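We begin with a single chain expressed as structure tokens, specifically the form deposited in one PDB entry.
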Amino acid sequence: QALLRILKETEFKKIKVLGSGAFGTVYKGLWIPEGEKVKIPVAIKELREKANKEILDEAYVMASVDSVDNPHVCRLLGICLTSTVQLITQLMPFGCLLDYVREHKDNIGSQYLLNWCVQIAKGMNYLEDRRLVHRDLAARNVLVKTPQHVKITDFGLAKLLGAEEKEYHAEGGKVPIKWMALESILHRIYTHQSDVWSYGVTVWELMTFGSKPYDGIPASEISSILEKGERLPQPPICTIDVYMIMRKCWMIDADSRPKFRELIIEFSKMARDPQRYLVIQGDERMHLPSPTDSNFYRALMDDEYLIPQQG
């Protein structure tokens, strides 16, 4: 039962732009629901300007998959009807994971990387259980609540499969070619197993501390590269077992790829002996802010999408 809570514009103060890009504009603000005095840090999203129709579809997906215990997927708090339709969620104060890994490379140890991989797989497994194909899993669409806790976001491309359906077949909208499974590029078919491909690319992004995949290669060439058996390279920090997970995610046969339930288990195993699996210089000397740190409050200070050319 998908409900959308309407929040009045006047319950929001101190709205400030956080960032803009392909996702539209995201603002941060303070939500003070009338009836209470509690002040809740929020993020507020509106699309680029159709915009109204599209963003309600995202609200619907998010409301559809919401649940009492939902750690690793962003929850919709409500929507706001102003000059635009805006979505409202809890602020993730450390920002986008892609920016985070680029900015904090020198303090990101093996334990953090492996834990993030586990968390993203747990979030995706949750979505799979609710018949949701995300279709845009990428490091740009993972957010950082704390350095120890990430969440999947951006349901702009996401689709719910009916009880009889195994796949979603797309029409001609712009799609993230460099993160897509070959079958999605060739045939516009999307499944939970094409999300696994995207998961593999996401892991690659993290393990390279936010390198751009297939940098300098036009998206029009990607299907040909994949058909020749070429893949993203082994990141220097990754031991062979970690890279082999990525390579399994990029198998041609979708049903031969790992399932998210398997990825949780495999990455959890690695997270139990992190320095065995990732080799990072100075790993033991690295630290990131954690809620259990006495000074954690100090940290809380005040063309990837292309028109398809096949299928």
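One rule holds for the numbers: they count along the sequence shown, beginning at 1.
Visitor: Using the PDB record, quantify the missing residues of the deposited sequence between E49 and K50 as none, 1 to 3, 4 to 9, or 10 or more.
Guide: Unresolved stretch here: 4 to 9 residues.
Visitor: How many missing residues of the deposited sequence lie between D302 and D303 in the entry, grouped as none, 1 to 3, 4 to 9, or 10 or more?
Guide: Going from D302 to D303, the model skips 10 or more residues of the deposited sequence.
Visitor: For the stretches 102 to 110 and 133 to 141, which has the higher mean C-alpha B-factor as given in the deposited record?
Guide: Averaging CA B-factors over each stretch, the winner is 102 to 110.
Visitor: As stated in the PDB record, which stretch has the larger average Cα B-factor, 119 to 127 or 156 to 164?
Guide: Higher of the two, by average CA B-factor, is 156 to 164.
Visitor: Choose from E58, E262, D69, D253 the residue with the greatest Cα B-factor as stated in the PDB record.
Guide: The listed residue with the largest C-alpha B-factor is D69.
Visitor: Among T84, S184, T202, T208, where is the Cα temperature factor highest, going by the PDB entry?
Guide: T84 has the highest C-alpha B-factor of those listed.
Visitor: Would you mind ranking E171 by its C-alpha B-factor against the rest of the chain and naming the third, lowest, middle or highest?
Guide: Tercile = highest for this residue's CA B-factor.
Visitor: Of the three thirds of its chain by CA temperature factor, lowest, middle or highest, which one includes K53?
Guide: Within its chain, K53 is a highest-third residue by C-alpha B-factor, going by the deposited values.
Visitor: Looking at the temperature factor on the CA atom of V279, which third of the chain's modelled residues does it land in?
Guide: Middle third by C-alpha B-factor.
Visitor: Please say which third, lowest, middle or highest, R247 falls into when its CA temperature factor is compared across its chain.
Guide: Lowest third.
Visitor: According to the PDB entry, is the CA B factor of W31 in the bottom, middle or top third of its chain, that is, lowest, middle or highest?
Guide: It falls in the top third of the chain.
Same protein, other form: the form deposited with a partner chain bound, not shown, and the subject of what follows.
Visitor: Could you work out which of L132, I177, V196, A139 is the residue within 4.5 angstroms of the partner chain in the deposited bound form, going by heavy atoms?
Guide: Flagged contact: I177.
Visitor: I'd like to check something about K159: if you look in the deposited bound form, is any of its heavy atoms closer than or equal to 4.5 Å to a heavy atom of the partner chain?
Guide: Result no; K159 lies far from the partner chain in the deposited bound form.
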